[PDB]
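Visitor: Sharing a structure with you now.
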Amino acid sequence: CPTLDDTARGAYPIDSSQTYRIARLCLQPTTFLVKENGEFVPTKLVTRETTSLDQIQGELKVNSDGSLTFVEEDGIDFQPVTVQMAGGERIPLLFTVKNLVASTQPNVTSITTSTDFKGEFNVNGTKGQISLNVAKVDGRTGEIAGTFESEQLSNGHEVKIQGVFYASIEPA
Ligand SMILES: [Ca+2]
């Protein structure tokens with residue numbers, strides 16, 4: 001995924017007379033954890049191709065309480081991944097945010113480093129929750145970056161995925 005300019009600073013104002021969209025959301029996983037003996041334990045990523053979800057996009061609605069809701073409407077939102085447990089078992093996983101709907105706190109008059117998106121996704125047998133923690137905003141360009149954590153069920157396993165994200169916001 002892309003990154004922000006070294007001089008990126010500020011907040012991205014939200015004009016409540018305008019409508020907005022996420023033009024691109026890119027999720028790059030850094031960590032896959034699988035539950036074993038009741039504990040989430042780390043695994044080794046063995047897939048050598050790209051594991052990122054990218055081109056995710058959709059309307060960013062301004063709600064009556066001032067919160068924003070992102071509705072995923074298109075994107076590459078599904079990547080097959082294989083991870084390896086310490087003892088050697090290989091587990092095929094599905095990394096996805098298909099049908100994501102995620103919302104911020106109320107009264108979000110700008111996007112700032114304390115804005116969060118929290119939501120749920122679900123595709124066939126995979127259902128999950130994700131939190132996007134914004135860490136840096138370029139108020140000039142509408143680019144944001146941060147970290148994410150997702151929890152899901154994939155092929156009979158409880159899985160936690162962490163990583164970094166980039167997104168681009170623009171008017172409609
Ligand atoms: Ca933050």
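Following the order of the structure tokens, chains are lettered A, B, ..., residues in each are numbered from 1, and ligands are numbered from 1.
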Write out as an MDAnalysis selection string which residues come within 8 Å of stretch 143-154 of chain A when counting only C-alpha atoms, dropping same-chain ones fewer than 2 positions away.

Guide: chainID A and resid 3:4 93:94 125:139 141 156:169

Visitor: Based on the selection just made, write N, CA and C atoms of those residues as a compact mmCIF listing (two decimals), in the first residue's frame.

Guide:
```
# COMPACT_ATOMS: atom_id res chain seq x y z
N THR A 3 1.94 5.29 0.95
CA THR A 3 2.22 5.96 2.22
C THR A 3 2.04 7.46 2.05
N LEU A 4 2.06 8.19 3.17
CA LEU A 4 1.81 9.63 3.17
C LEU A 4 3.10 10.41 3.00
N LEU A 93 -6.37 -19.38 4.60
CA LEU A 93 -7.28 -18.40 5.15
C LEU A 93 -7.86 -17.52 4.05
N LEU A 94 -8.97 -16.88 4.38
CA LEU A 94 -9.58 -15.88 3.51
C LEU A 94 -9.46 -14.52 4.17
N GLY A 125 -19.35 -17.67 4.28
CA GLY A 125 -19.12 -18.21 5.60
C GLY A 125 -18.23 -17.40 6.51
N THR A 126 -17.70 -16.27 6.03
CA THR A 126 -16.76 -15.47 6.81
C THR A 126 -17.47 -14.21 7.29
N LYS A 127 -17.54 -14.04 8.61
CA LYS A 127 -18.19 -12.90 9.26
C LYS A 127 -17.22 -12.30 10.27
N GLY A 128 -17.17 -10.97 10.36
CA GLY A 128 -16.08 -10.45 11.14
C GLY A 128 -16.29 -9.00 11.48
N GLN A 129 -15.41 -8.51 12.34
CA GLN A 129 -15.44 -7.14 12.82
C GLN A 129 -14.08 -6.54 12.55
N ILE A 130 -14.03 -5.24 12.26
CA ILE A 130 -12.76 -4.59 11.98
C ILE A 130 -12.79 -3.22 12.60
N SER A 131 -11.64 -2.78 13.09
CA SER A 131 -11.44 -1.42 13.58
C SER A 131 -10.33 -0.80 12.78
N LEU A 132 -10.57 0.42 12.28
CA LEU A 132 -9.55 1.20 11.59
C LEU A 132 -9.18 2.35 12.51
N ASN A 133 -7.92 2.42 12.88
CA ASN A 133 -7.39 3.45 13.77
C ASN A 133 -6.57 4.41 12.93
N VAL A 134 -7.11 5.61 12.67
CA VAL A 134 -6.35 6.58 11.88
C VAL A 134 -5.14 7.05 12.67
N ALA A 135 -3.97 7.13 12.00
CA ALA A 135 -2.77 7.59 12.67
C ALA A 135 -2.16 8.83 12.06
N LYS A 136 -2.49 9.14 10.82
CA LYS A 136 -1.89 10.31 10.17
C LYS A 136 -2.85 10.77 9.09
N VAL A 137 -3.03 12.09 8.96
CA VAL A 137 -3.93 12.67 7.97
C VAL A 137 -3.16 13.72 7.19
N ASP A 138 -3.34 13.73 5.86
CA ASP A 138 -2.87 14.85 5.03
C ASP A 138 -4.11 15.66 4.67
N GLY A 139 -4.31 16.77 5.37
CA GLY A 139 -5.49 17.60 5.15
C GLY A 139 -5.53 18.24 3.77
N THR A 141 -4.62 16.72 0.86
CA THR A 141 -4.91 15.77 -0.21
C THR A 141 -6.06 14.82 0.14
N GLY A 156 -13.27 -22.70 9.72
CA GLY A 156 -13.31 -23.31 11.03
C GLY A 156 -12.30 -22.80 12.04
N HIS A 157 -11.58 -21.73 11.73
CA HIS A 157 -10.64 -21.17 12.69
C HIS A 157 -11.09 -19.77 13.10
N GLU A 158 -10.79 -19.40 14.35
CA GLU A 158 -10.90 -18.02 14.80
C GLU A 158 -9.59 -17.35 14.48
N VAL A 159 -9.63 -16.23 13.77
CA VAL A 159 -8.43 -15.61 13.25
C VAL A 159 -8.46 -14.14 13.61
N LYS A 160 -7.33 -13.59 13.99
CA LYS A 160 -7.18 -12.16 14.16
C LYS A 160 -6.15 -11.68 13.16
N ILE A 161 -6.44 -10.58 12.46
CA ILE A 161 -5.52 -10.04 11.47
C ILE A 161 -5.22 -8.60 11.87
N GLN A 162 -3.94 -8.23 11.89
CA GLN A 162 -3.54 -6.84 12.11
C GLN A 162 -2.74 -6.33 10.93
N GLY A 163 -2.71 -5.01 10.74
CA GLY A 163 -1.86 -4.49 9.69
C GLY A 163 -2.00 -2.98 9.58
N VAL A 164 -1.58 -2.47 8.44
CA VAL A 164 -1.61 -1.03 8.19
C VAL A 164 -2.57 -0.76 7.02
N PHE A 165 -3.08 0.48 6.94
CA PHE A 165 -3.95 0.84 5.83
C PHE A 165 -3.64 2.24 5.35
N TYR A 166 -4.05 2.47 4.12
CA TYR A 166 -4.03 3.77 3.45
C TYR A 166 -5.41 3.99 2.87
N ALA A 167 -5.88 5.25 2.90
CA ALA A 167 -7.13 5.54 2.19
C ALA A 167 -7.08 6.95 1.63
N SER A 168 -7.86 7.16 0.57
CA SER A 168 -7.99 8.46 -0.06
C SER A 168 -9.46 8.85 -0.02
N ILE A 169 -9.77 10.03 0.57
CA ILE A 169 -11.12 10.57 0.64
C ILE A 169 -11.26 11.72 -0.36
```

Visitor: Run DSSP on the backbone and tell me which residues of chain A come out as strand (DSSP E); list them as a ChimeraX atom specification.

Guide: /A:12-13,20-36,39-42,44-45,53-62,68-71,74-76,78-84,90-96,101-103,110-111,116-123,126-138,143-154,157-171

Visitor: Counting only C-alpha atoms and all ligand atoms, figure out which residue out of A:155, A:30, A:17, A:115 gets nearest to ligand 1.

Guide: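 Comparing A:155, A:30, A:17, A:115 against ligand 1, the winner is A:115.
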
Visitor: Which of these, A:172, A:62, A:22, A:111, has the shortest distance to ligand 1 once you count only C-alpha atoms and all ligand atoms?

Guide: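 Result for the nearest residue to ligand 1: A:111.
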
Visitor: What's around stretch 36-46 of chain A at 7 Å? Count only C-alpha atoms, leave out sequence neighbours fewer than 6 positions away in its own chain, and write the answer as a PyMOL selection string.

Guide: chain A and resi 82-86

Visitor: Write out, as an mmCIF file, in the first residue's frame, the residues just selected, with C-alpha atoms.

Guide:
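The resulting file, again-v5.cif, is shown below:
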```
data_model
loop_
_atom_site.group_PDB
_atom_site.id
_atom_site.type_symbol
_atom_site.label_atom_id
_atom_site.label_comp_id
_atom_site.auth_asym_id
_atom_site.auth_seq_id
_atom_site.Cartn_x
_atom_site.Cartn_y
_atom_site.Cartn_z
ATOM 1 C CA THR A 82 -1.780 -19.466 3.600
ATOM 2 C CA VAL A 83 -0.135 -19.245 7.009
ATOM 3 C CA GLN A 84 2.009 -21.792 8.810
ATOM 4 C CA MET A 85 1.819 -22.637 12.493
ATOM 5 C CA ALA A 86 4.968 -23.071 14.577
#
```
